[PDB]
Every structure is written in C-alpha cells, then in structure tokens.
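Q: Here it is: the structure, laid out below.
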Ligand SMILES: Nc1ncnc2c1ncn2[C@@H]1O[C@H](COP(=O)(O)OP(=O)(O)O)[C@@H](O)[C@H]1O
Ligand SMILES: Nc1ncnc2c1ncn2[C@@H]1O[C@H](COP(=O)(O)OP(=O)(O)O)[C@@H](O)[C@H]1O
Ligand SMILES: Nc1ncnc2c1ncn2[C@@H]1O[C@H](COP(=O)(O)OP(=O)(O)O)[C@@H](O)[C@H]1O
Ligand SMILES: [Mg+2]
Ligand SMILES: [Mg+2]
Ligand SMILES: [Mg+2]
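Residue numbers (this note's numbering), protein chains in the order written: chain A, 57 to 469; chain B, 691 to 1102; chain C, 691 to 1102; chain D, 177 to 581.
Listed below in structure tokens is the structure:
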C-alpha cells in the first residue's frame, strides 16, 4: 500500500517508500510477513525481514504496522519458553496474560547509581569459586573455542547457582540442546526460569534480537526488586548475525570482518546487566572464539567490556582435565572486593603455584629438572596432584562455599 | 519471458520483469535451466543448472515452476540418484515416484526432540569403546585429504544397522561410485539410496545435492523408520556455496567464505537428528583445507555437529589405521548412552593414551628408566593392548559386547 | 536550512549548501543536535549527538553554531562532567560556569616551555625508584585487555600530590565510576574533575571527552597551577574517531584507521606538558589490539610521548602485580630529575632483574656453580628484596623517601 | 583561481585548471596553504598543511606559485626556522633575504664520487683518535632511547672545525627543543642556522624540513665555506613522508613504508657530499626495517648502546662494532695502525674480562690481553670525557701515542 520491494537477495531487502522512520516495521501486504527498517537512502529503504526471503518479487507491496517493535512481558512467563521475537514456543498451552508491553532497546542505569558489588555469588564449581570468585551484580564471560567446555560449565553453573529469577537465552545454538537444559534443572529451578530459545536455523533478525529480548525480560524482573541471573549462550551468535546485517547494509570491515555496528552495539547490550537501584542482574555470557586463540576480534572486545573472563583451553581438554579453565589466563575483576584477605592470599599462592609448575613442566618432560636447587619450583611440584584434584571437577558434583575455601587452605599450605 | 544480458562463467543475469526468487527458468532454444538467486529491480541473477558455454546475449528464457521440487517415493530403495533427483542408471525402467518434495524444509520443533539415550553400534572399536554414538546423533569425521575419511565410511557401512541407508557422495570421485557398491552386501543395497554427484558437475548440482539427500532421508524418516544418513565431503557443498555466493557479489568474512555459507550450513545440518516420529542419525565427512582442524569450515561444522572424530596424518604415516586421534576426538552424547562403568573405563583408557603421548618423546630420546611414575609404567605396560585394540583392519567388524569386554580387558 | 537525505548507522547526510565544518545544527522536529564533519559539494556529512530513533527523509535542520564550545570556570571542582560538557549528576543544583572555550586549542610555543627538573611523586615504588616521573612529563601505560591499566591509575590517583586532578574516563564501563570515587578521599575529591563517558554513549561524546578534559586542564593550567590529567583508554578516542571517519568516505590506511586519526591524535596528545605558567602532567592509558608489537595505534602513541610504562600479561599470568616489565619500559625524563646515586641504584637493580631473568633457567637445570658469576651471585642473593620492592599491593602506597631508602638497601 | 569542491577529512578537492603536482595554493580568507598531490582533467586533489575546520564549499584558492621554494640568504645565521622556512618567534624581525632557491637538486651519479682528504675534527676525542672522518664524508649515527645522544650532538656542534653548522630538529617533542638549545652556547648559536619542527606540525612540513635544511646547507656550501649538516632522526622523516605518502594513497611494500620514501630517502641522502666549493659534512641520526637501507647507503656508522650507557662511560659509543669507512684517505698510517691496535686492545679485554670474572686467567703467554689489564685506565679515560670537555686534534694524537705505550 505504501511502497514496493525493488531488490531481493541476501539477508536484506530494499524497498521504495518515502518518509519511513527508521526502525519502524512494515508488513508485506499479500504474504503476512513483516520487515524492520534498518537504514534509509534518499528515497529507498533497507529492510530486514523476520522470516526467510524466498518467494518474493519486484514491486511487492508493503503496509505500515508500527513505529517500533516491542515485546510483551509480564509476570506470567515464568516456567515458559519464548523465542527471539517474543512469542511463546509451546502450543499445548493456553498463552498467558502478559499485560506489560516493553520496548526492546532501553538504557543502562545511571553510572552514579550503579553501586559497588561486595557480596559473593556462589556457583558450586570449586575452581571458579576458590581461585576466581563471582559477585552478586557482575557480568562474566566464558571464553572458549568450539566444543571445549562452554555449555557444560554453564549447565554446572545453572545447577549450582541460585537466584530469585533465572533467565536463560539459547541464541544461535543447536535445537537438540533445549531438552538437555530442561532435563538438568529441577522443577524448583524451572518455577523461576524463562527460556528464550532461538536456534541456528532462524533468520538473522531473530538470532540478532533474542539477546535483547532476554535482556529486556531480565530487566523487567529486576525492576520488581529481585536478583535475577541472566545466562546467555554464545553472544557471538548475535555478533555473527549483526555482522551479516551490517555488511549487507553496506558498512566497511574493521578488525576481521565485523563492521563498526558490531563493536558499537555490543556495549549497548552488555552494559544493561549489572547493579541497579532496585535489584541487580548477574550475567554470565559464553563467547566462542574463531580458533582457540583468545585474541579474537570479538573475544578481545567482549573481554574488554565484561567484568570477568573465564578462559577454557582445548589443550586442557585433550588431557581429560575438566572443567578445562586456564587459571593463569582468566581473571575476576571483583574478587578483591567480595572476600577477605586470607582467601585472597591463598588464591594468589595457588595461582602462583600453577604458573610456576607450568613454567617448569617443559624441562621435566625432557629430563633436565634437578631437585633441591629452586625452592619455589619444588613446592610447585610437590602439591601438583594436590592442587589439581581441587581444580578439576565432575559435572554432576556441586560443592559448598565452605569446604571450597577449606580445601583451598588445605591445598595451598 | 526475458533475455540474458550478461554471462560471467558462474552466474548469468537477465532482464526478467517480476520473477519470483527461487523460481527456475529455462533457456529457450538450447534445453538448459537456471534458477533465480537475486533481483535488482529489473535484472535477476540466475544460476544455471548445466555448463555455461554456448550462450549469447538476448537469448530467451521460458518460465516453468515456482521452485525446483524433486520427485520422491518409496521406490528409491536400491537405485542411484543424480544430485538434483534424476535416476542415473539409465539401463533400467524409470521408477514410479508419487510425491513431490521441495529441497528446503524446516527442522523438527525443538521441544519435540527427546534427548538421545540409546547406542548406535558402528562396528569400529574406537567409535564404540572410547567414543560412542547415539540413535539421532549427527557425527563428523574431520581429516585432511587422503587420511582415510572414505575408508572409515566404508568400514561403518557394512557394520552399522539401520532401516534405510542414504549415502550421498557429493563432490567426490566418479571411480568411488562402484567401490562403495563393492562394500555393500545385497541385503544392504536392497535398502540403500545412493545420491551421487561428482566433482565435474556445475556448482548448483553440487550445492543442491546435500539437500536432495536430506530430503530423501526425511521422507524415509517420516514413515516411521530409522535412517542412517552419511555424506561424503560436506565441504564440497561449502565450496560450491562459496564460489556461487562470491560470484553473486557478497563480502568475504572469514577465510574466503561469504556469510551466506555460514548462515546456510546450519539450516542443512540441523535437519538430521531426532524427531517426533522416526529418526535420522547422520555422519558427515569433513575435509580440512590443510591438516589444521581450525579451518573455517572445520571449525563451523565442529560447532554445529554433535560429535567429532578427528583423524590425523601422523597416525596415517605411522601406519596406525584407522587414524583416529583420541585426544582431539569427542562425542557429545556418550554420557547419556553408556553405563557408568563403561564411561569410567573409557576415560581411564583415554588417560592411558594421553600418558603415553606425554612420555613418548622422553623415552624416544632415552631418559626413561623404569620406576619413577606409577602411571607411566602402567602406560608402557598396557601400550600393546591399547594399540591392538584401537588399530583395526578394514574387513573386520566387532559386536558391541566383544568391544566392551575387550575394553575392560585392555584398560586393566 | 536543509533536508536530511539518508541515515546510516553512525552517520547523517543532508543537503546544506555552503555549510562550514564544525557548525552544529539541531533537527527541527526532534530537538537534538548534530555537527558537520564532511562536505561533498552540495551534500554534507553530519554526526549526531544522540541515537537515531525516528529519522525520516527530508527532516529539517536549523543553524545553531559555527563551532561547539563548552562552559568552563573555577566552579567546576568536585563535579562530574560528561564528554559534551554538561554536568552528569542531576540531584545537585547546576553550577555557574562563567567562561566558554572551544575544544580545539593549539599547543604552547616550544621555545617558551619550561625545563622539567623536579619529580612528580607518583606512589608506586617501581615508577618512583626505577622510572621516575617529572612534573610536566607525558607518560603512557601500554597493555592489552585486563592487564591492569585501570588498577594502576587507581594506585596513582590514590597517592597523587597534584594541586588539581582532572580524570578522564573515556569509553569504559559505567560500573567503575563509583570504584574510582571509592578510592578518592575528600581532600583530593574536593579538587578533582571527572570527565566520564561510558562505552554505550554515542560516537562523538566518546570522541570529544578527551578534548573536554584537555580543555578543562588547560583552563586550570592558565590559572597558574600544575595539574594532573589522567586519561583512561585514549584508544577509545582513537577507535571512536576511526568509526566516525571511516564511515565518512575515507580510506583504510594502517589498521582500519583513516589518516584523520593520525592527524588529530598527535595534536591532542601534545597540548599537555610544560608551559610558560603552569604545567599539565598527563598519564594516558593505552589499550592494545593484540599483545603484539605491530599495533597501528599503540606504536605512534609510544613514539610521540616522552616516557612509557609497558604492562605485559606474561607477568600477570604468574600473578606479579603490578605487571611492569622494567626492561620494556622507559622514562626519558628521569636523568634530568633524580640525583646521580639514585640513577646508579636504579640502573644497578634493573641490571639485577635482567640478570636473574636468565640465570633462573640454569638454577632449575642444575648447572650453576657458586662464584663463577658474581653479579649473578648478587642477583640470586637479593632476589627476594627486589621482588618485594617491585610488586606491591593495591592499598599499599608509599612516600618518596621510603622508596629511595628501600631502593638503596635493596641495591646494597 | 579555483573553488573548493569538497573536504575529505585530510584531502581537499578543487576545481581549477592547469596546476602542477607539488604547486602550493592559498586559502585566501584564512591565510592557510595547501599543495597539490594529484590532478584530474579539471579537478585537483590537494592536501592542506594545517587543520581543515572552518572550510566550506566555494572557498577560493590563490595561485601565488608553481613549486615551493625557500627564501634563503646569508642573514639566516643565528635564527629559528620552521620546516617551511618562515621564522618561529615574533620577538625578532626577519632580516633581508635576497635569494630564493627550490628544495630539489640532483646529486651526481655514484660512479665518479670524489676522493676524501683533509681531516675534519668533530671535538669528541674518541672518534678523531679512533674513527676519524673527512670533509665531504656523510656519517650515520645509530643510537637508542636514553643513551645520551643529545649531549653527543651538542658537543660535536661545540668544537667542530666548520664555519657553518646546520641542524634540523625534524619531528622532535615539545620540551626537547629547549632541552637541546639549553646546552648550546651563544658563540655556537651565532654560527648555527637551524630548522626546528614538532610533532604538532603537519607531516607535509615535517618532511619538507629535511629538504629545507639540506637546501640551506647547500646555499652556505656555495659561498666557499665548509658547512656541517645535521639531521636528527631520519626515521621521523621516514614516518612523516610515510604519512604523506599513504595519506595521498599508495600501498606499502616493506615494513609499513610506501616505496615513495624509498625513492625519496636515497635522493635526500645521496646529495650533500664532497663538492669543490668547500663541502658539507652530513651527520644523520637513526634509531634502532629501514636502518638496513640507511646503513648500506652512507659511509660510516657510529653505534651508541644502552648496554654501555648503563654505566657512566660517556660518550656511549662502542668501537668494537662501529667504524668509519674512510681513514686511510684521511689520517696518516702511523695514527691509523696505532688506532687499530688500540681498537683490538679494547676488543680483547671483553674476551678476557669474562675469563677473569671466573678465576682462571693468568699471564705468561698472551701478548695482547696482558697489555689491556695494565694499560686499561689510560684507554678508558682516553675514550670518554664530559659534555664541556674539549680536546683539540693536536692533543689527541700524542695522547693516543702515549696510550699505546
Ligand atoms: N567438565 C566436563 N566434564 C566432562 N566432559 C566434558 C566437560 N566439558 C566438556 N566435556 C565434553 O566435551 C564436549 C564439549 O562440551 P560442550 O560444553 O557442549 O562444548 P561447547 O562449549 O562447544 O558447547 C562434550 O561432548 C562433553 O562430553
Ligand atoms: N583403516 C585403514 N586401513 C588401511 N588403509 C587405510 C585405512 N585408512 C586409510 N587407508 C589408506 O589411506 C588412503 C586414504 O584413504 P581414503 O579414505 O581414500 O582417503 P580420503 O579420506 O581422503 O578419501 C587409502 O588409499 C588407504 O589405502
Ligand atoms: N596491582 C594489581 N594487584 C592485583 N591484581 C591486579 C592488579 N592489577 C590488575 N589486577 C587484576 O587483573 C585484572 C585487570 O585489572 P584492570 O586494572 O581492570 O585491567 P584493565 O583496566 O587494564 O582492563 C583485575 O581483575 C585484577 O584482579
Ligand atoms: Mg554449547
Ligand atoms: Mg573420500
Ligand atoms: Mg580499565
């Protein structure tokens, strides 16, 4: 009715319709599918459809629907599954009464009202609680390569941690995993859990906006005054989808593909989850790397945005050392605030012993290390299988925070 | 309908007013086809089905059909199919197929997948004892060229047991078609559908042949059966999609590949798994652009599939066949499949292999004197048992009980 | 005075005939400002101050200013300012800033700069005992991600003795503005100006916060007092200017960066320093792309800046904090400042650290007979005194006399 | 004389007919100027020196020239000069300058370069006792950061037997020009004519500073005077001409440098040699990619090292790996062989100090290292002195000949 699609191909369509506000979404008039305006030219507009692009033609019409795409949240979406658009997954249900329409692109809190975080957040993994330590309110990434440890460790965290609300986004991952995550969490956890599931099958728009849907639901349950744990599996799938859309919209390449829109819109997503006046969002994001190099474009940028990074390495997964986290290469930017100095000194000595043995281990496997001459290296070896039975852990085993730090004191000295 | 104005060599472009994208057109005098891949307000980009030589400007295009749907039915069992769905063996009568299916369908709904917990016996002791497969798991075989990908699919054709075996041979040798028919017995070839396009064919017919194999496997899944899909070199699909997408004017995001091969590979690989009725267990051969596993296609297909078996060239040079590197390999579904005792025995055998790989260069140089480590002497002592457990000949298959009891005898 | 013709991601384009550069316009339906960054002879490139929410074609523009100016004055202390210039705390009453200044001034005359002779007491034992800073020196702190740039500015800013501190937090997490105010006591918060912009803010606030901080520092310099300016990740300025200029029709040159970044960064980064009345002393945190050596924006900042502290994460992996690599870092302005015996003690224990970094191998390998290398014998005996002099705690600040006394007893 | 088409950040495009590459044009309302890098059939890509803000569509460009030449005369001795040529300060008034010459002059071909004679005394006693240098010889100094090369340059300006001394502080920092001029006397400044430019200044005039200083030194070469040229940090000329080159548009070849700097640096360095009018002793400093290309292109490298400068042994030069290639054509055979035997008397100490760090080395048969141990301190106070310690040429000769005893 308003315009005509005049260019079909790739991820974006292009239309001819004047006076289009940017970000408004338009329905394809005979064929019930709709598309969001991402950019405008002097008369022609770039649109990104919500579904696949097959079956279209030149001069196909476009109707006007709304100024902004908004999702509809409420308190009646706990224990239920949502896609990236906002509509529910399951159809054996009656769909709930969600009363509050919320926009999808909001603001972070005032930087003066973001308090300092000084309470520990316990995950149940002995390594990430003893050596590193999370805090109630921070956001922390799990940086690994392909098929190393990210999902499993995130399942161990979901099984071990406990918040008032749990919002779990599975964006751009395999569809076989939505029943594994539903199997490894109990009904006492499922009663406070919202899944936002976008499979890797889906278009670029759903796989790009599922992260914002999960962040919007998490901040809705934050504004009621509760501590909500957000867990977002592969924020890099958002980064890939935004790369595809931004390159199809005609933007350059900076730092290995990845237009400036990606590095501009990652902080608009990641700054929305932290401490707040009412409640706080503790966030745990997993990051896939383009090799096992930690110095990726997206790996380095999301490492410079987040408040803690947990680096998992493949050469500790070749050795059946699970969870495969590299202690020397991973850090936790809030553990000097959330815990006493005695735990801090013990964790520092355990990190120093791990790095000392890794500095020595090469000249043990070629038979040149001589015992008794270096006092720091010897104590790095005499405790080696005493520190490692602390640092590696089974999947179905959760630990308490007390015997964790008691094992740490027993392991270091 | 319209006329052709450019011919480049991979894609052509034409003056077609208001063509549906995806609809296939016909070159009018010369009996060839093409399909629409992009539209530019009066000028469509077309990908021809056959070779491009002979065309001229202003050559006409006739219309037929809104999409290229293949013709499928129950009478495909025991016969060979072209990549776009023709019967290849022309010495026999054409089969009667009642149904039409388009090549691009949807995966099953994610809440209807029912996490897999039954084993799938392959016959190779290394992907039965140490790695284990599931009914519904899609597996990858990652190697360099010449390392043994096709030998191992030949080993697991005559050892595995499904209802319908759907074997795609896309992008591979024409000489292979008969050698894969020399491994299949008559009780197995009477239930096998073999979709083969070779490396000579145009880029479309190597692109749209994995989708043909998946559509035939989905038709045989939806009847209530168990399908064993196996593709040979899915990276040949990835390279056909690469040079078509780069001819179509698209940027180069990673290692030479457009983003339209990274967005179109999950909507191929995710259609092969568990289902509300039936199942497809799929095995994909993946060739790596060097011996490095961090090839972009190797990395992306490792991040999509449910288990990877990396074969190295060091073990192919050391005459360790099959050349499965155990530390680099994994199987996601094994902890739901095997018992706790079998999982413990598998983990301890893998730790023995890693311990010997630690002490190997130290004993090769000559520093290892017997007696310091308790695990290194265990590795040296069980070395020969582990080696003749992992190493297996081509004409040998094991049953699952003999595999697990030999695992228990080897591990301790 | 013109219509907007297209909206990009970061950029606006309009038809403003004979418009100047720097002339900022506001959008008539929507109250928000935008300044001109390029001309294309009828068609200008503007950069907006905010996001692009509803931006229809043909939206009008109205002339507001020929250049953008900020309100400065002496009644700015103890406050928080954003990159634009307006106060960021809203519960407080708005102050009275008397004067206005443009953000683009020129560095002082190089024949009228003073001579740096007296030290700037910094607080950390390594950058006082080994790399001493003078009053008027521009040093930079070079590291990768999360290696400890912001923690070292916390240690400096805690134990700083300057008459007025301007702290620029450019393009970093909103969380840490309260963590910097948690280690500013009231005696140094009553005379500090925080120019803070967060990483989610639009492109030119993140591009102009450095100019706002240097403008405020030059104002309080021209009053006549010495002032400490500390920028946190001027690399965020550099890649904000990269994303602005590179999307305005300007070519990649060395890292994705246009030539305009390399034209506008040595003018910003040099208008600090000594002066005929007053002196800005500046500490620039620099983020590096990789941990490599061929960084197109780290190398030339290293070249045009007199003194640099290099933090390497290979010392942050053995938990050696602060991770200062004393061999890779230098201070061109310390031989003019400290006494000669201070130079001898600093050079001697740098020599001891450099000796023990490779005598350490032939201690572990059992090849070191005592006495054959006496200097190494002096670098093994005093290893512990050095490694308590170098790394210190975050809350462990120390005065200058204790640092030089402990330096002398470490070297002796 | 031409309207400005558009502004591309650092590139101006104009609509003006018939201009040559390198012609510099004039922004008339603001008094700024900008030179031509490329022409189209009627439009012209040129690039500004200064900042580009304040410019609009339709500003005029006054012609005022066709190539840039510097107004150079005899009265520039003792004045501060920009890389373009205008003075630095406004307290002094610009004197009479009759002549002007362009910045380009072709060097003679290398097949017929002259013989070197006539020892040229620099003032540091270490090299003119050990690594001497003639009049027309051009010398490269390879020093580091924090090695004390600025005092070395100030003390080879102070005590040189040259009537004119020309130095180009090309790309220096803000403080470092006063840091350098604080250690030059007034008797030296009344002999100097010196070009300064800072990293504030645009890369275009930061690369034309080298040609300006070379051109002024060629002017004082033609008046029958022995003249010394100094160019401090040739590498900063290299990065400035790099920024001009790939700012105009050119892909790089080696390191990050375009081949334009590899065509311009032998052209800039191959000139300024032994002319029959009384010639021009060039001293060019390079810090430690193109140091290979510089070290293979001029005769004589002097190496200053941090491993020697960590002690109090100034000037921080090591004779064991630096040598000026022309000494037999300069100094006599007695002085040459005595200097070379003192060089190998120093070089055998470092192969025997490490063997007397351990307790093994004795006397009895080693006639070259037993002499270094006794006659060490005369060596080690011959090859070092302070900043304002001058040692004339007719003292270092007999001092070196009583060092060899
Ligand atoms: N902590 C662990 N313990 C045992 N096995 C693990 C562990 N982490 C990963 N694995 C194995 O490695 C494979 C990859 O795990 P997963 O976390 O799914 O990888 P990704 O991080 O790519 O999702 C799985 O199939 C699993 O069997
Ligand atoms: N398990 C095995 N037993 C014996 N020979 C093998 C085995 N695997 C590979 N080979 C040898 O290595 C070569 C590569 O096998 P093939 O499967 O054809 O490579 P590709 O995986 O590239 O198709 C073959 O020629 C074969 O002889
Ligand atoms: N001086 C120090 N002492 C102890 N830990 C430190 C020190 N500096 C940095 N760290 C650790 O390293 C990490 C990086 O700190 P930070 O200063 O935020 O790095 P950056 O600001 O450069 O990203 C922190 O999580 C912190 O725990
Ligand atoms: Mg996963
Ligand atoms: Mg094969
Ligand atoms: Mg920081």
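Cβ coordinates follow ideal geometry from the N, Cα and C atoms, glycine included.
So is residue 532(D) in contact with chain C if we call contact Cβ pairs under 8 Å?
A: Chain C, which has no Cβ nearer than 8 Å to the Cβ of residue 532(D), makes this no.
Q: Which residues in chain C sit within 7 Å of residue 445(A), going by Cβ to Cβ distance?
A: Here the premise fails: no neighbours, minimum Cβ distance about 21 Å.
Q: Identify the contact partners of residue 256(D) in chain C, using a Cβ-Cβ distance below 9 Å as the criterion.
A: What residue 256(D) touches in chain C: 801.
Q: Using the DSSP secondary-structure output, state which residues sit across from residue 755(C) in a beta bridge.
A: According to DSSP, residue 755(C) bridges with 714(C).
Q: Name the residue from 290(D), 546(D), 220(D) and 539(D) whose alpha carbon lies nearest to the alpha carbon of residue 449(D).
A: Ranking 290(D), 546(D), 220(D) and 539(D) by Cα distance to residue 449(D) puts 290(D) first.
Q: Which partner residues of residue 998(C) appear in the DSSP bridge assignment?
A: Answer is 830(C) and 1020(C), bridged to residue 998(C).
Q: Could you name the residues, in chain order, whose CB is less than 7 Å away from a heavy atom belonging to ligand 5?
A: That gives 839(B), 840(B), 862(B), 866(B), 922(B), 923(B) and 975(B).
Q: Taking 8 Å as the cut-off, decide whether the C-beta atoms of residue 713(B) and residue 757(B) are in contact.
A: Yes.
Q: For residue 560(D), which residues from the same chain have a beta carbon less than 8 Å from its beta carbon, with the 5 sequence-adjacent residues on both sides left out?
A: Hits under 8 Å: 302, 489, 490 and 491.
Q: Ligand 1 and residue 350(A): does the residue's C-beta get closer than 7 Å to at least one heavy atom of that ligand?
A: For ligand 1, not one heavy atom lies less than 7 Å from the Cβ of residue 350(A).
Q: Alpha carbons only, please: which of 234(A), 312(A) and 227(A) is nearest the one belonging to residue 259(A)?
A: Ranking 234(A), 312(A) and 227(A) by Cα distance to residue 259(A) puts 227(A) first.
Q: Does ligand 2 have even one heavy atom less than 7 Å from the beta-carbon of residue 1061(B)?
A: No, since every heavy atom of ligand 2 falls outside the 7 Å radius drawn around the Cβ of residue 1061(B).
Q: For a quick check, are the C-beta atoms of residue 447(D) and residue 388(D) less than 8 Å apart?
A: Not in contact: residue 447(D) and residue 388(D) (Cβ atoms no closer than 8 Å).
Q: Assuming residue 368(D) is part of the beta strand (DSSP E), what are its boundary residues?
A: First-last of the beta strand (DSSP E) with residue 368(D): 368–374.
Q: Within its chain, find whatever has a CB closer than 6 Å to the CB of residue 814(C); leave out the 5 residues flanking it on each side and keep chain order.
A: Same-chain partners within the cutoff: 845.
Q: Interface residues of chain C around residue 186(D) at Cβ under 7 Å?
A: Near residue 186(D) (Cβ distances below 7 Å), the residues of chain C are 949, 950 and 953.
Q: If I'm right that residue 364(A) touches residue 190(A) with Cβ under 8 Å, what's the distance once you round it to whole angstroms?
A: Rounded, the Cβ-Cβ distance is 7 Å, consistent with contact.
Q: Thinking C-beta only, is residue 144(A) closer than 8 Å to residue 130(A)?
A: In this structure, residue 144(A) does not lie closer than 8 Å to residue 130(A) by Cβ.
Q: What residues of chain A sit near residue 1007(C), judged by a beta carbon separation below 8 Å?
A: Going along chain A in sequence order, the residues near residue 1007(C) (Cβ under 8 Å) are 384, 385 and 411.
Q: If we ignore side chains and look at the alpha-carbon of each, how far apart do residue 499(D) and residue 462(D) end up?
A: Looking at the two C-alpha atoms, the distance is approximately 16 Å.
Q: List, in order along the chain, the chain A residues whose C-beta lies closer than 9 Å to that of residue 1066(B)?
A: Near residue 1066(B) there are no residues of chain A at all, since even the closest Cβ is about 11 Å away, more than 9 Å.
Q: Output needed in chain order: residues of the stretch 73–98 of chain A with a Cβ under 9 Å from some Cβ in chain C.
A: Correct list: 74, 75, 76, 77, 78, 79, 80, 94, 95, 96, 97 and 98.
Q: For residue 132(A), does the three-state DSSP call read helix, strand or coil?
A: Coil.
Q: Distance, Cα to Cα, residue 511(D) vs residue 1070(C)?
A: Taking the straight line from one Cα to the other gives about 46 Å.
Q: Could you give the residue range of the alpha helix (DSSP H) that holds residue 878(B)?
A: Run containing residue 878(B): 876–879, per the alpha helix (DSSP H) assignment.
Q: Using a threshold of 7 Å, is the CB atom of residue 481(D) nearer than that to any non-hydrogen atom of ligand 3?
A: Flag unset: Cβ of residue 481(D) not near ligand 3.
Q: Assign residue 206(D) to one of two classes, buried (16 or more other C-beta atoms within 10 Å of its C-beta) or exposed (fewer than that).
A: Counting Cβ neighbours within 10 Å, residue 206(D) comes out exposed, since fewer than 16 surround it.
Q: With 8 Å set as the bound, which would you pick, yes or no: does the beta-carbon of residue 939(C) sit closer than that to a beta-carbon of chain D?
A: Residue 939(C) counts as touching chain D.
Q: Decide yes or no for the touch test of the stretch 721–729 of chain B against the stretch 95–109 of chain A: beta carbon pairs closer than 8 Å, at least 3 of them.
A: The stretch 721–729 of chain B vs the stretch 95–109 of chain A: no contact.
Q: Could you tell me the distance, in whole angstroms, from the CA atom of residue 27(A) to the CA atom of residue 707(B)?
A: One cannot answer for residue 27(A) here, as it falls past the ends of chain A, which runs 57 to 469.
Q: Locate the beta strand (DSSP E) running through residue 737(B), then write down its first and last residues.
A: That run of the beta strand (DSSP E) goes 734–738.
Q: Taking 8 Å as the CB-CB cut-off, is residue 335(D) touching chain C?
A: So, not an interface residue.
Q: Would you give the residue range spanned by the alpha helix (DSSP H) that residue 62(A) belongs to?
A: Counting along the chain, residue 62(A) falls outside any alpha helix (DSSP H), though it belongs to the beta strand (DSSP E) covering 59–63.
Q: What residue from 907(C), 703(C) and 923(C) has the CA that sits closest to residue 888(C)'s CA?
A: Out of 907(C), 703(C) and 923(C), 923(C) has the C-alpha closest to the C-alpha of residue 888(C).
Q: Please indicate yes or no: does the CB of residue 306(A) lie closer than 7 Å to some heavy atom of ligand 1?
A: No, the Cβ of residue 306(A) stays beyond 7 Å of every heavy atom of ligand 1.
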